[PDB]
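One structure is given below, encoded as structure tokens.
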Amino acid sequence: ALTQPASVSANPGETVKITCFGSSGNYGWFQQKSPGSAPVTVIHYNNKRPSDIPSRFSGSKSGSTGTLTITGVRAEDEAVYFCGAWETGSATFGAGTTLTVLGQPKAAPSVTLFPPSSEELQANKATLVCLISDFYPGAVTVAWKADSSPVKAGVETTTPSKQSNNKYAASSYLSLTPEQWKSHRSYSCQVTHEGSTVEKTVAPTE
Amino acid sequence: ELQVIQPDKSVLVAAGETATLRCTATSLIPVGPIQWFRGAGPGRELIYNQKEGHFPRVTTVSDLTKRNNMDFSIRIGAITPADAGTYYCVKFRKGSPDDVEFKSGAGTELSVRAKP
Amino acid sequence: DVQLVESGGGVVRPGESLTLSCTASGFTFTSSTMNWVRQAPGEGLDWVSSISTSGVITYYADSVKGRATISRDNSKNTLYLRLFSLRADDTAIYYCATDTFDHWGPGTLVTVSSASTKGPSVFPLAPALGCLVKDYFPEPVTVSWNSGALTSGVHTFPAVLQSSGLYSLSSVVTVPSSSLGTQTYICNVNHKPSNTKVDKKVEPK
């Protein structure tokens, strides 16, 4: 039943409020830096802040509505925030408020492209792994070439996610076979990011 | 405001004896019932309620029918060892689907020393 | 300190049963309520069930009402959750949480599938260096480096799901290119779904 804002954007040092309604019960706010990683409770039972959590985080219930207040938002508060509410007998969560901090400059991507390893070939498999790091903001495009012929077969690309340095990184994979591996001039990874392109290469040559 | 103070963080009571959980309302407004629970969160069990049922093992400390009553202290009788737990005195307010949680006292940890 | 450790995670076959555990320390388990919440990968938190101090009251979400049993054992500070007639819907990371959702387990990924548990191959990425950790089922794996002794400049990527219904992932470190021959690099792959650990050493080529 809980509605909460799908996303809110804020500049560093500023006081953001996210709010949540849909319940007559008590509200918690749960942080989630990335998909997969565990939630961390920033506020529970309306306005209780765990000892751990820093003081810029404050909670309130008024009417049948909850409000999470970050006073002096920071680069590390950039996350997904789910309100949840419980009554005796039931609980529920909202769909999550992804928060992003405005600012943070437009670094371009850093591309390393690994060939297959002796071990991989020696076990008759071959995968190129294109690794893209340290780029902002987190929007990219990856294609592959063998010789200079585009390849759409056997490629898989992770979604951009945030390194420890507040910047984005993605990976992309070409599965193919030794036969295809030994046989071609030179495979490539073309990554685009705000028009501006980077383009690495390998060859079956050590 | 109306404040719900449970002044005892603990009470240490003998098994088979009666246990008083103190709770007092500083004011009468907003209008709405008092409710005793064991635990917080969804699996809190309802231990007493003004407006609902009879509760066989709970007398109330004061007469609730009297008018300017602000004492909501409960006496659980025949305290068994597995009556240990944290109890929370909670004010609810008037609603429409009705009676929403207004304010909780900060809690009273019960503990049963098996003792003669 | 409070510590919550789920387990039971892995693949189960559709329409069959499975039980999650959660061990609890650092607080007074008996005098404390418990919940389970789950999260379909890259979707939202969904309440699943709650349980009282005692264990006598159980509450459940429409998600699973009927076909789940929540249970506790206070004598060994452990919380459970049997789940019946498992569906593709139910594939999730499952977290136990205290009381008022004030502390959280790291979570245990449950994958409903009639695909057999495959442990991963592991290959090195010599130069920025990584290890490719390839052809494993189901998720997740957790790659550390030199054990927990190397952590700065370390990014473990998500998994991609290949045409062969098998997952591969990678972890990587940016490194000083003047440090090779001295500092050795070992990536330590954990994959509890196969009960398999794999430490592979990563040389320059």
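How things are named: the first chain in the structure tokens is A, the next is B, and so on; residues count from 1 in each chain; ligands count from 1 in the order shown.
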
Contact check, chain B to chain C, at most 6 Å, counting only C-alpha atoms, closest pairs as a tab-separated table:
residue	atom	partner	partner_atom	distance
B:39	CA	C:32	CA	5.8
B:40	CA	C:99	CA	5.6
B:41	CA	C:100	CA	4.7
B:43	CA	C:52	CA	4.2
B:44	CA	C:52	CA	5.9
B:85	CA	C:31	CA	4.3
B:86	CA	C:31	CA	5.9

Quick one: everything within 9 Å of region 191-204 of chain C, counting only C-alpha atoms, minus sequence neighbours fewer than 5 positions away in the same chain. Send it as a PyMOL selection string. chain C and resi 8-11+117-127+129-131+136-142+145+180-181+184-186

Suppose we keep N, CA, C and O atoms; can you now write the selection as a compact mmCIF listing (two decimals), in the first residue's frame?
# COMPACT_ATOMS: atom_id res chain seq x y z
N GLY C 8 20.84 -21.92 4.30
CA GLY C 8 19.86 -22.79 3.62
C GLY C 8 19.80 -22.48 2.14
O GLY C 8 19.11 -23.15 1.39
N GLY C 9 20.53 -21.43 1.74
CA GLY C 9 20.48 -20.87 0.41
C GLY C 9 21.06 -21.84 -0.60
O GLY C 9 22.06 -22.52 -0.32
N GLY C 10 20.43 -21.89 -1.76
CA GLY C 10 20.91 -22.66 -2.85
C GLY C 10 19.82 -22.83 -3.86
O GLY C 10 18.90 -22.07 -3.85
N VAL C 11 19.94 -23.86 -4.71
CA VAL C 11 18.86 -24.21 -5.64
C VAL C 11 17.98 -25.30 -5.00
O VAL C 11 18.48 -26.21 -4.33
N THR C 117 23.40 -28.09 -9.43
CA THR C 117 24.33 -27.22 -8.83
C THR C 117 25.69 -27.48 -9.47
O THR C 117 26.24 -28.58 -9.37
N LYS C 118 26.21 -26.44 -10.13
CA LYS C 118 27.51 -26.47 -10.74
C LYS C 118 28.44 -25.52 -9.98
O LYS C 118 28.12 -24.34 -9.79
N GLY C 119 29.58 -26.05 -9.53
CA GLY C 119 30.65 -25.25 -8.96
C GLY C 119 31.42 -24.56 -10.08
O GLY C 119 31.41 -25.02 -11.22
N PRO C 120 32.07 -23.42 -9.81
CA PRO C 120 32.75 -22.64 -10.85
C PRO C 120 34.17 -23.09 -11.20
O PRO C 120 34.92 -23.41 -10.32
N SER C 121 34.53 -23.05 -12.49
CA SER C 121 35.94 -22.96 -12.90
C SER C 121 36.45 -21.59 -12.45
O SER C 121 35.64 -20.69 -12.27
N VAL C 122 37.76 -21.40 -12.32
CA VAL C 122 38.33 -20.06 -12.05
C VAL C 122 39.59 -19.87 -12.91
O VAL C 122 40.49 -20.69 -12.87
N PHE C 123 39.64 -18.74 -13.64
CA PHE C 123 40.74 -18.39 -14.54
C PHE C 123 41.32 -17.01 -14.20
O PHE C 123 40.60 -16.09 -13.81
N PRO C 124 42.63 -16.79 -14.43
CA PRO C 124 43.28 -15.53 -14.08
C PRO C 124 43.15 -14.50 -15.21
O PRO C 124 43.02 -14.86 -16.36
N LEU C 125 43.20 -13.22 -14.85
CA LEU C 125 43.22 -12.14 -15.81
C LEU C 125 44.51 -11.34 -15.61
O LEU C 125 44.52 -10.38 -14.85
N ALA C 126 45.60 -11.79 -16.25
CA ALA C 126 46.94 -11.22 -16.08
C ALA C 126 47.03 -9.94 -16.90
O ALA C 126 46.48 -9.88 -17.99
N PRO C 127 47.71 -8.87 -16.40
CA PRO C 127 48.09 -7.73 -17.24
C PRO C 127 49.49 -7.86 -17.84
O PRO C 127 49.72 -7.38 -18.95
N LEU C 129 44.23 -6.19 -12.82
CA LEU C 129 44.18 -7.63 -12.94
C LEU C 129 42.98 -8.17 -12.17
O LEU C 129 42.53 -7.61 -11.20
N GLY C 130 42.46 -9.30 -12.65
CA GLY C 130 41.30 -9.93 -12.06
C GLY C 130 41.43 -11.44 -12.12
O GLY C 130 42.47 -11.98 -12.52
N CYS C 131 40.37 -12.11 -11.68
CA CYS C 131 40.13 -13.47 -12.05
C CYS C 131 38.70 -13.56 -12.59
O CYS C 131 37.77 -12.91 -12.09
N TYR C 136 29.22 -21.27 -13.24
CA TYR C 136 28.75 -21.70 -11.94
C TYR C 136 27.23 -21.47 -11.84
O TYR C 136 26.66 -20.64 -12.54
N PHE C 137 26.60 -22.24 -10.96
CA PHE C 137 25.16 -22.22 -10.76
C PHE C 137 24.86 -22.73 -9.37
O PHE C 137 25.53 -23.65 -8.92
N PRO C 138 23.93 -22.09 -8.62
CA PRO C 138 23.37 -20.78 -8.95
C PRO C 138 24.24 -19.68 -8.36
O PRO C 138 25.24 -20.00 -7.79
N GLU C 139 23.83 -18.41 -8.47
CA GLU C 139 24.45 -17.31 -7.70
C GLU C 139 24.28 -17.52 -6.18
O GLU C 139 23.54 -18.41 -5.75
N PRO C 140 25.03 -16.82 -5.28
CA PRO C 140 26.17 -15.97 -5.61
C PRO C 140 27.57 -16.58 -5.40
O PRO C 140 27.67 -17.62 -4.74
N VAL C 141 28.62 -15.88 -5.87
CA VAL C 141 29.97 -16.15 -5.41
C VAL C 141 30.53 -14.89 -4.74
O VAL C 141 30.12 -13.81 -5.11
N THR C 142 31.47 -15.05 -3.79
CA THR C 142 32.10 -13.92 -3.10
C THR C 142 33.64 -14.04 -3.17
O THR C 142 34.28 -14.81 -2.43
N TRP C 145 40.49 -11.31 -1.83
CA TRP C 145 41.84 -11.14 -2.47
C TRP C 145 42.95 -11.11 -1.40
O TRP C 145 43.04 -10.17 -0.63
N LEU C 180 54.94 -6.00 -9.37
CA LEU C 180 54.73 -7.39 -9.84
C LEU C 180 56.06 -8.16 -9.82
O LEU C 180 57.08 -7.66 -10.30
N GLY C 181 56.03 -9.38 -9.27
CA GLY C 181 57.23 -10.14 -8.92
C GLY C 181 57.46 -10.15 -7.41
O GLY C 181 57.94 -11.17 -6.87
N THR C 184 52.36 -10.81 -4.57
CA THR C 184 51.54 -11.81 -5.25
C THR C 184 50.08 -11.57 -4.89
O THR C 184 49.76 -11.04 -3.81
N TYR C 185 49.21 -12.00 -5.82
CA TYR C 185 47.80 -11.76 -5.80
C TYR C 185 47.10 -13.12 -5.92
O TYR C 185 47.39 -13.89 -6.81
N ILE C 186 46.22 -13.40 -4.95
CA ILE C 186 45.42 -14.62 -4.82
C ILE C 186 43.96 -14.20 -4.68
O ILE C 186 43.62 -13.46 -3.73

Could you pull the residues within 9 Å of residue 157 (chain C), counting only C-alpha atoms, minus those fewer than 2 positions along the same chain, as a PDB file with N, CA and C atoms, in the first residue's frame?
ATOM      1  N   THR A 158      27.223  -6.731 -18.083  1.00  0.00           N
ATOM      2  CA  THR A 158      26.666  -6.356 -16.812  1.00  0.00           C
ATOM      3  C   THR A 158      26.181  -4.913 -16.894  1.00  0.00           C
ATOM      4  N   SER A 161      27.542  -0.351 -12.318  1.00  0.00           N
ATOM      5  CA  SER A 161      27.441  -0.249 -10.881  1.00  0.00           C
ATOM      6  C   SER A 161      28.662   0.511 -10.312  1.00  0.00           C
ATOM      7  N   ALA A 169      31.367   1.310 -13.015  1.00  0.00           N
ATOM      8  CA  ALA A 169      32.124   0.324 -13.729  1.00  0.00           C
ATOM      9  C   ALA A 169      31.185  -0.765 -14.257  1.00  0.00           C
ATOM     10  N   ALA A 170      31.476  -1.279 -15.454  1.00  0.00           N
ATOM     11  CA  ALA A 170      30.760  -2.398 -16.030  1.00  0.00           C
ATOM     12  C   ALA A 170      31.769  -3.385 -16.645  1.00  0.00           C
ATOM     13  N   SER A 171      31.276  -4.567 -17.007  1.00  0.00           N
ATOM     14  CA  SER A 171      32.034  -5.626 -17.627  1.00  0.00           C
ATOM     15  C   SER A 171      31.229  -6.165 -18.798  1.00  0.00           C
TER      16      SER A 171
ATOM     17  N   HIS C 155      36.993  -4.372  -7.134  1.00  0.00           N
ATOM     18  CA  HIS C 155      35.628  -4.381  -7.569  1.00  0.00           C
ATOM     19  C   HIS C 155      35.311  -5.779  -8.067  1.00  0.00           C
ATOM     20  N   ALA C 159      27.174 -10.872 -11.818  1.00  0.00           N
ATOM     21  CA  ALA C 159      27.145 -11.981 -12.714  1.00  0.00           C
ATOM     22  C   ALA C 159      26.316 -11.644 -13.952  1.00  0.00           C
ATOM     23  N   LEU C 169      31.212 -14.399 -13.471  1.00  0.00           N
ATOM     24  CA  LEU C 169      31.450 -13.073 -12.906  1.00  0.00           C
ATOM     25  C   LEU C 169      32.962 -12.795 -12.897  1.00  0.00           C
ATOM     26  N   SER C 170      33.356 -11.597 -12.475  1.00  0.00           N
ATOM     27  CA  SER C 170      34.744 -11.234 -12.360  1.00  0.00           C
ATOM     28  C   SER C 170      34.962 -10.252 -11.215  1.00  0.00           C
ATOM     29  N   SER C 171      36.131 -10.405 -10.575  1.00  0.00           N
ATOM     30  CA  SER C 171      36.640  -9.415  -9.702  1.00  0.00           C
ATOM     31  C   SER C 171      37.961  -8.937 -10.280  1.00  0.00           C
ATOM     32  N   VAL C 172      38.304  -7.695  -9.945  1.00  0.00           N
ATOM     33  CA  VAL C 172      39.402  -6.995 -10.514  1.00  0.00           C
ATOM     34  C   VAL C 172      39.958  -6.052  -9.453  1.00  0.00           C
TER      35      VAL C 172
END

Show me, as a PyMOL selection string, every residue of chain A with an atom at most 7 Å from chain C, counting only C-alpha atoms. chain A and resi 35-36+38-39+41+44-45+89-93+95-96+114+117+119-120+156-158+163

Any idea which chain A residues end up within 12 Å of chain B if we count only C-alpha atoms, as JSON, numbers by chain please? {"A": [23, 24, 25, 26, 27, 28, 44, 45, 46, 47, 48, 61, 62, 63, 64, 65, 84, 85, 86, 87, 88, 89, 90, 91, 92]}

Tell me which of A:137, A:116, A:204, A:5 sits closest to residue 94 (chain A), counting only C-alpha atoms. A:5

Can you pull out every residue from region 19-148 of chain C that DSSP, working from the backbone, puts in strand (DSSP E or B), and format the result as a ChimeraX atom specification? /C:19-25,34-39,46-51,58-60,68-73,78-83,92-98,104,108-112,118,121-125,129-137,142-145

Please return as a ChimeraX atom specification: the residues of chain C that backbone DSSP assigns to helix (DSSP H, G or I). /C:29-31,74-76,88-90,147-149,192-194

Print the selection's residues with N, CA, C and O atoms to a file, as a PDB file, in the first residue's frame.
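Result written to part-v6.pdb:
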ATOM      1  N   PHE C  29      17.482 -13.022  22.469  1.00  0.00           N
ATOM      2  CA  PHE C  29      16.651 -13.666  21.495  1.00  0.00           C
ATOM      3  C   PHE C  29      15.228 -13.964  22.002  1.00  0.00           C
ATOM      4  O   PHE C  29      14.263 -13.671  21.315  1.00  0.00           O
ATOM      5  N   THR C  30      15.111 -14.606  23.167  1.00  0.00           N
ATOM      6  CA  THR C  30      13.820 -14.959  23.786  1.00  0.00           C
ATOM      7  C   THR C  30      12.892 -13.735  23.894  1.00  0.00           C
ATOM      8  O   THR C  30      11.689 -13.862  23.660  1.00  0.00           O
ATOM      9  N   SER C  31      13.447 -12.564  24.246  1.00  0.00           N
ATOM     10  CA  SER C  31      12.655 -11.374  24.560  1.00  0.00           C
ATOM     11  C   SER C  31      12.599 -10.427  23.355  1.00  0.00           C
ATOM     12  O   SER C  31      12.626  -9.228  23.492  1.00  0.00           O
ATOM     13  N   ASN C  74      14.443 -21.025  20.801  1.00  0.00           N
ATOM     14  CA  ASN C  74      15.098 -20.022  21.624  1.00  0.00           C
ATOM     15  C   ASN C  74      16.303 -20.666  22.316  1.00  0.00           C
ATOM     16  O   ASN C  74      17.348 -20.028  22.435  1.00  0.00           O
ATOM     17  N   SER C  75      16.180 -21.951  22.668  1.00  0.00           N
ATOM     18  CA  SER C  75      17.252 -22.698  23.333  1.00  0.00           C
ATOM     19  C   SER C  75      18.583 -22.614  22.563  1.00  0.00           C
ATOM     20  O   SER C  75      19.631 -22.642  23.196  1.00  0.00           O
ATOM     21  N   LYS C  76      18.564 -22.523  21.226  1.00  0.00           N
ATOM     22  CA  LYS C  76      19.827 -22.328  20.462  1.00  0.00           C
ATOM     23  C   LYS C  76      19.715 -21.125  19.520  1.00  0.00           C
ATOM     24  O   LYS C  76      20.284 -21.163  18.409  1.00  0.00           O
ATOM     25  N   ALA C  88       8.899 -20.138  -9.249  1.00  0.00           N
ATOM     26  CA  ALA C  88       9.782 -19.125  -9.818  1.00  0.00           C
ATOM     27  C   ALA C  88       9.649 -17.773  -9.086  1.00  0.00           C
ATOM     28  O   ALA C  88      10.653 -17.086  -8.915  1.00  0.00           O
ATOM     29  N   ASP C  89       8.425 -17.405  -8.666  1.00  0.00           N
ATOM     30  CA  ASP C  89       8.114 -16.170  -7.889  1.00  0.00           C
ATOM     31  C   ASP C  89       8.974 -16.040  -6.628  1.00  0.00           C
ATOM     32  O   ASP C  89       9.204 -14.939  -6.166  1.00  0.00           O
ATOM     33  N   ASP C  90       9.339 -17.181  -6.032  1.00  0.00           N
ATOM     34  CA  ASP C  90       9.845 -17.271  -4.706  1.00  0.00           C
ATOM     35  C   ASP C  90      11.356 -17.087  -4.681  1.00  0.00           C
ATOM     36  O   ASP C  90      11.897 -16.769  -3.635  1.00  0.00           O
ATOM     37  N   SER C 147      43.089 -13.128   0.816  1.00  0.00           N
ATOM     38  CA  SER C 147      42.079 -13.096   1.877  1.00  0.00           C
ATOM     39  C   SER C 147      41.523 -11.661   2.012  1.00  0.00           C
ATOM     40  O   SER C 147      41.362 -10.948   1.021  1.00  0.00           O
ATOM     41  N   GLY C 148      41.243 -11.212   3.235  1.00  0.00           N
ATOM     42  CA  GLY C 148      40.657  -9.897   3.434  1.00  0.00           C
ATOM     43  C   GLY C 148      41.716  -8.822   3.553  1.00  0.00           C
ATOM     44  O   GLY C 148      41.425  -7.730   4.048  1.00  0.00           O
ATOM     45  N   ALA C 149      42.935  -9.139   3.095  1.00  0.00           N
ATOM     46  CA  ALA C 149      44.113  -8.302   3.290  1.00  0.00           C
ATOM     47  C   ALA C 149      44.262  -7.298   2.136  1.00  0.00           C
ATOM     48  O   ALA C 149      44.908  -6.274   2.276  1.00  0.00           O
ATOM     49  N   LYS C 192      29.016 -21.161  -1.685  1.00  0.00           N
ATOM     50  CA  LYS C 192      28.360 -22.017  -0.712  1.00  0.00           C
ATOM     51  C   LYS C 192      27.338 -22.927  -1.387  1.00  0.00           C
ATOM     52  O   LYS C 192      27.277 -24.097  -1.067  1.00  0.00           O
ATOM     53  N   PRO C 193      26.527 -22.481  -2.365  1.00  0.00           N
ATOM     54  CA  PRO C 193      25.652 -23.398  -3.087  1.00  0.00           C
ATOM     55  C   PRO C 193      26.301 -24.706  -3.590  1.00  0.00           C
ATOM     56  O   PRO C 193      25.591 -25.677  -3.761  1.00  0.00           O
ATOM     57  N   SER C 194      27.610 -24.716  -3.853  1.00  0.00           N
ATOM     58  CA  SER C 194      28.326 -25.958  -4.193  1.00  0.00           C
ATOM     59  C   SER C 194      29.287 -26.391  -3.078  1.00  0.00           C
ATOM     60  O   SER C 194      29.917 -27.427  -3.217  1.00  0.00           O
TER      61      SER C 194
END

Shell around region 57-73 of chain B at 8 Å using only C-alpha atoms, local window under 3 positions removed, as a ChimeraX atom specification: /B:20-28,34,48,76-78

Which residues come within 10 Å of residue 86 (chain C), counting only C-alpha atoms, excluding same-chain residues fewer than 5 positions away, as a PyMOL selection string? chain C and resi 12-18+64+67-68+91+111-113

I need the residue nearest residue 107 (chain B) from this list: B:84, B:89, B:75, B:13. Use only C-alpha atoms for the distance.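 Of all the options, B:89 lies closest to residue 107 (chain B).
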
Find the spatial neighbours of residue 108 (chain B), counting only C-alpha atoms, within a cut-off of 6 Å - ignore same-chain residues fewer than 6 positions away - and output them as JSON, numbers by chain. {"B": [8, 9, 10, 86, 87]}

Contacts of region 176-193 of chain A at 9 Å or less, counting only C-alpha atoms, minus same-chain residues fewer than 5 places along, as an NGL selection string? :A and (108-109 or 111 or 113 or 116 or 121 or 124-128 or 130 or 132 or 135-148 or 153-155 or 198-204)

Could you take the residues named above and write them with N, CA and C atoms, as a CSV table (one decimal), in the first residue's frame?
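Final file, result-v3.csv:
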chain,number,residue,atom,x,y,z
A,108,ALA,N,35.5,10.1,-18.0
A,108,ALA,CA,35.2,9.2,-19.1
A,108,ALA,C,35.7,7.8,-18.7
A,109,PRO,N,35.3,6.7,-19.4
A,109,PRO,CA,35.7,5.3,-19.0
A,109,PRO,C,37.1,4.8,-19.3
A,111,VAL,N,39.2,1.4,-20.0
A,111,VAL,CA,38.9,0.1,-20.6
A,111,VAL,C,40.2,-0.8,-20.7
A,113,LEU,N,41.0,-4.9,-21.6
A,113,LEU,CA,40.4,-6.0,-22.4
A,113,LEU,C,41.4,-7.2,-22.3
A,116,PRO,N,41.8,-14.7,-23.6
A,116,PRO,CA,41.7,-15.9,-22.8
A,116,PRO,C,43.1,-16.3,-22.3
A,121,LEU,N,42.1,-21.9,-22.5
A,121,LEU,CA,42.4,-22.6,-23.8
A,121,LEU,C,42.7,-24.0,-23.5
A,124,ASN,N,40.0,-26.0,-23.3
A,124,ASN,CA,39.3,-25.8,-24.6
A,124,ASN,C,38.1,-24.9,-24.5
A,125,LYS,N,38.3,-23.8,-23.7
A,125,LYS,CA,37.3,-22.7,-23.7
A,125,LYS,C,38.0,-21.3,-23.9
A,126,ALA,N,37.3,-20.3,-24.4
A,126,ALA,CA,37.9,-19.0,-24.7
A,126,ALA,C,36.9,-17.8,-24.4
A,127,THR,N,37.2,-16.9,-23.5
A,127,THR,CA,36.4,-15.7,-23.3
A,127,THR,C,37.3,-14.5,-23.1
A,128,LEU,N,37.0,-13.4,-24.0
A,128,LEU,CA,37.5,-12.1,-23.8
A,128,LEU,C,36.6,-11.4,-22.7
A,130,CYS,N,36.1,-7.6,-21.3
A,130,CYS,CA,36.2,-6.2,-21.4
A,130,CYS,C,35.8,-5.6,-20.1
A,132,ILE,N,35.4,-2.1,-17.8
A,132,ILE,CA,35.3,-0.7,-17.9
A,132,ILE,C,35.1,-0.1,-16.5
A,135,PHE,N,34.1,5.7,-14.7
A,135,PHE,CA,33.4,6.5,-15.6
A,135,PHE,C,32.2,7.1,-14.9
A,136,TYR,N,31.8,8.4,-15.2
A,136,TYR,CA,30.6,9.0,-14.7
A,136,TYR,C,30.0,9.9,-15.8
A,137,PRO,N,28.7,10.0,-15.9
A,137,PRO,CA,27.7,9.2,-15.2
A,137,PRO,C,27.5,7.8,-15.9
A,138,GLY,N,26.7,6.9,-15.2
A,138,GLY,CA,26.8,5.5,-15.4
A,138,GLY,C,26.0,4.9,-16.7
A,139,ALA,N,26.1,5.7,-17.8
A,139,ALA,CA,25.4,5.3,-19.0
A,139,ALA,C,26.5,4.9,-20.1
A,140,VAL,N,26.4,3.7,-20.6
A,140,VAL,CA,27.5,3.2,-21.5
A,140,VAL,C,26.9,2.3,-22.6
A,141,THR,N,27.7,2.0,-23.6
A,141,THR,CA,27.3,1.2,-24.7
A,141,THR,C,28.5,0.3,-25.2
A,142,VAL,N,28.3,-1.0,-25.4
A,142,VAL,CA,29.4,-1.8,-25.7
A,142,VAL,C,29.0,-2.7,-26.9
A,143,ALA,N,29.9,-2.7,-27.9
A,143,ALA,CA,29.8,-3.6,-29.0
A,143,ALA,C,31.2,-4.3,-29.1
A,144,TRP,N,31.2,-5.3,-29.9
A,144,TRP,CA,32.3,-6.1,-30.1
A,144,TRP,C,32.5,-6.3,-31.6
A,145,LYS,N,33.8,-6.5,-32.0
A,145,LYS,CA,34.2,-6.7,-33.4
A,145,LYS,C,35.2,-7.9,-33.3
A,146,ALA,N,35.1,-8.8,-34.3
A,146,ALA,CA,36.2,-9.7,-34.6
A,146,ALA,C,36.6,-9.5,-36.1
A,147,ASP,N,37.9,-9.3,-36.2
A,147,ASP,CA,38.5,-8.6,-37.3
A,147,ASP,C,37.9,-7.2,-37.2
A,148,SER,N,37.1,-6.8,-38.2
A,148,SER,CA,36.3,-5.5,-38.1
A,148,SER,C,34.8,-5.8,-38.3
A,153,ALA,N,26.7,-12.3,-31.2
A,153,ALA,CA,26.6,-13.7,-30.6
A,153,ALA,C,27.6,-13.9,-29.4
A,154,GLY,N,27.1,-14.4,-28.3
A,154,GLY,CA,27.9,-14.9,-27.2
A,154,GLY,C,28.4,-13.7,-26.3
A,155,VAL,N,27.8,-12.6,-26.5
A,155,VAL,CA,28.2,-11.4,-25.7
A,155,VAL,C,27.1,-11.2,-24.6
A,198,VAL,N,36.2,5.1,-26.5
A,198,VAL,CA,37.4,4.4,-26.3
A,198,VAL,C,37.3,3.1,-27.0
A,199,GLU,N,38.4,2.5,-27.4
A,199,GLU,CA,38.3,1.2,-28.2
A,199,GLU,C,39.7,0.5,-28.1
A,200,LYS,N,39.6,-0.6,-27.3
A,200,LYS,CA,40.8,-1.5,-27.1
A,200,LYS,C,40.6,-2.7,-28.1
A,201,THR,N,41.7,-3.5,-28.0
A,201,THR,CA,42.0,-4.6,-29.0
A,201,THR,C,42.8,-5.7,-28.2
A,202,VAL,N,42.7,-6.9,-28.7
A,202,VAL,CA,43.6,-8.0,-28.4
A,202,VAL,C,43.9,-8.8,-29.8
A,203,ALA,N,44.8,-9.7,-29.8
A,203,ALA,CA,45.0,-10.7,-30.9
A,203,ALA,C,45.6,-12.0,-30.2
A,204,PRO,N,45.4,-13.2,-30.9
A,204,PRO,CA,46.0,-14.4,-30.5
A,204,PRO,C,47.6,-14.4,-30.6

Expressed in Å to a single decimal, how great is the separation between CA of residue 56 (chain B) and CA of residue 17 (chain B)? 15.3 Å

Could you please determine the separation between CA of residue 160 (chain A) and CA of residue 14 (chain A) in Å, to one decimal place? 26.5 Å
